[PDB]
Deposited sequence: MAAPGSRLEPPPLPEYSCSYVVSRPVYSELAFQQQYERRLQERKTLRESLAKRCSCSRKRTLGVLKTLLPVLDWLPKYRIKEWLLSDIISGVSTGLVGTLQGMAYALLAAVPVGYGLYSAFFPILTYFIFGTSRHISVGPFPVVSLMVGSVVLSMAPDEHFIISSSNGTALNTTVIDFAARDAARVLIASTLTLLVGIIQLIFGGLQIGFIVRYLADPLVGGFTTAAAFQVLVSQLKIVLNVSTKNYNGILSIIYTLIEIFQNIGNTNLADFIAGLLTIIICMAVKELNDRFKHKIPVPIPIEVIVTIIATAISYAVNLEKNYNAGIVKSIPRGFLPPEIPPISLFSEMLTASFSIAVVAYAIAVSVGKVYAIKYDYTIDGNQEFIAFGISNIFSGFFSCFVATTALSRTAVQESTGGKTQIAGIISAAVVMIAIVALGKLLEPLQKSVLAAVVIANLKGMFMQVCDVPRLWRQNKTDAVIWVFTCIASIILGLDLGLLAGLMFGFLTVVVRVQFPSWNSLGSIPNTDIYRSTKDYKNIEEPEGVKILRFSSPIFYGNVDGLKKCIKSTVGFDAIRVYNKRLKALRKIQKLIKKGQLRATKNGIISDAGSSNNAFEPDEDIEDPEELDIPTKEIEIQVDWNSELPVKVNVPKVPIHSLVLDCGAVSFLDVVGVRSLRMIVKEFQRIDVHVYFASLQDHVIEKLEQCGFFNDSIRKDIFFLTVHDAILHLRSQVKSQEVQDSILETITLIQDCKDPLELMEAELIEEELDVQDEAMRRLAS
């Protein structure tokens, strides 16, 4: 059919260049962006129902996630109230529900516990002073996270969540699910376990839990087990029986209400000594300035918490924006969430982000603009000021059981590891390394280690590329690996090397080794042997995949050219890009008899030029 017919001069870089010559209302996102653009006629009612539903869900979610953080139940209500109010202004996303997201809450609680242990703080037991210190530490960490997020918004470096690769995100998610399960399993059993801060901490906690399982509160354990079973069964029924009832079943809220009513009717606090919350303040606490002197002990934790929370927020926002066909500004997501975390930290709250389950609840029940968020915040507020007393008899085991039941989706990511291994071993290695690191480390330290391991994998992949010795398909200009096709004909007296990577320090050492192996000799050795006494005449370097080039790369290429020219062997570079040749010429490569006449467009001009001599 169609044919590849081309007739043109043999163009080196010099000849080709001679013939073809080269050469104010967003950083503070207004509510006025959509409030005048609102649809009160029909959007308002949908926003009302969506906000009521997601507020009912988020009040419970904040109460439960206040257990992940080492703060008393009641400050989760503030963490579910204030950030939504202060995100309604600066938020690009219009479908996400702002709240604790128990992974971020667990990291905050780890930081708070490490900075306020039971034995280190209390020598009496002073529960009130300990709780005050824990709340202050959580507020300080939230303020630092907000400061970091706002700074990253000013720097406009919103691509950092790119560095959170999907394999390491999955591994970190599985490890965080394990950590959350261990903490909430400590909570449901109502066992007293001394806090372990450091390496292997989750294993120490599990060991102590298995040792103290004899002190398990029976009523709390049964309540947690039944809550887990009921929530899981109803979730499975909803997933299976999904054709009807498009709205998800709010099983967690119903179970919590039933548990609270039963505990109030039976008085589990004193008859069975169940671990009820026992303390939910009524009213709004006045703002306080967090002690910034602790910022030095929270930097590595605040950075990772900010990164993780922002990544979750933008992930959910993008998932719903592609569905609803709009865009979200990542830098403005920085700005909004940093302002939110600063505002919440001034008001005794832990770090805030979005939760996938709460966002799904908000969207599925008539998801519209952030007015639904305002309605949810109002519901949380009326829970704070009116329903605080009604939730006193609720056991903490029920909340921890709800969290554990929701942990199943995060736990099921271990099934992707064999698939990753079969597809790309590097990604499976990243997954496993991130999971293991986040297990035996802090979650913040695990995330940092995963990021560094991803960088290491990228560097290693660009450092040990696929290099080949090429030859031409007969009667064509297609140069393929000689040992791969069995019909490749080797040219007479010339070796062609394809080094499929940008050449840098690691790659300059690798490329020297590859050239020495391909040509079959070392230029230094043969030159020295010839000097002491006193098969290849040309080497073509297929540099099509050489992306960038550093000073070490230019120096190595210059040394290779000189060393091979010393033994009357010519080195020709082919398929180099314009920018790489510009980097070569600005690094002083074209000095001492180089003159750019040894640079050809592809690896067929070089071979044709050689055949002309």
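Colleague: Need the unmodelled segments of the deposited chain, numbered from 1, in order.
Modeller: Missing C-alpha atoms (numbering from 1) occur across the ranges 1 to 16, 40 to 63, 165 to 175, 586 to 653, 733 to 780.
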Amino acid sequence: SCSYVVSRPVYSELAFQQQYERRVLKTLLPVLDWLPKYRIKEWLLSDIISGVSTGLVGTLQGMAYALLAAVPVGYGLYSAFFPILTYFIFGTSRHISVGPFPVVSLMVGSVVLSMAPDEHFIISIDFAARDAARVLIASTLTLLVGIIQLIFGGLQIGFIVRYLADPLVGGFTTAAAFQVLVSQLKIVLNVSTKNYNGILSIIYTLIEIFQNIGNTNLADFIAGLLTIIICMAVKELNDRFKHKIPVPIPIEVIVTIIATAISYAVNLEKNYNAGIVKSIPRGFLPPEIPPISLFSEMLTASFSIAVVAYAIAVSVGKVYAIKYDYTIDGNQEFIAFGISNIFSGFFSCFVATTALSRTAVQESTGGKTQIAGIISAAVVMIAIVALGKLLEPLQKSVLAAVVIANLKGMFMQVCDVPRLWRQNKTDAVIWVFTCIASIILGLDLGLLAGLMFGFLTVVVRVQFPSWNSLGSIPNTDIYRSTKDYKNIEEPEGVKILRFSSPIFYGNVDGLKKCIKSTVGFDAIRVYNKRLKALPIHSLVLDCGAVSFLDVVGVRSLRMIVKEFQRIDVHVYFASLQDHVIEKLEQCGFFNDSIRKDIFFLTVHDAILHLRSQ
From here on, numbers count along this sequence of modelled residues.
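The term rigid core refers to the maximal set of C-alpha atoms that superpose within 1.5 Å between the two forms.
Colleague: Which stretch is less alike in 4 other deposited structures of this protein, 571 to 579 or 61 to 69, counting RMS CA distance after the rigid core is superposed?
Modeller: Of 571 to 579 and 61 to 69, the stretch deviating more in 4 other deposited structures of this protein is 571 to 579.
Colleague: Which stretch is more displaced from the shown form in 4 other deposited structures of this protein, 491 to 499 or 451 to 459, with RMS over structures and residues of Cα positions after a rigid core fit?
Modeller: Higher average C-alpha offset in 4 other deposited structures of this protein goes to 491 to 499.
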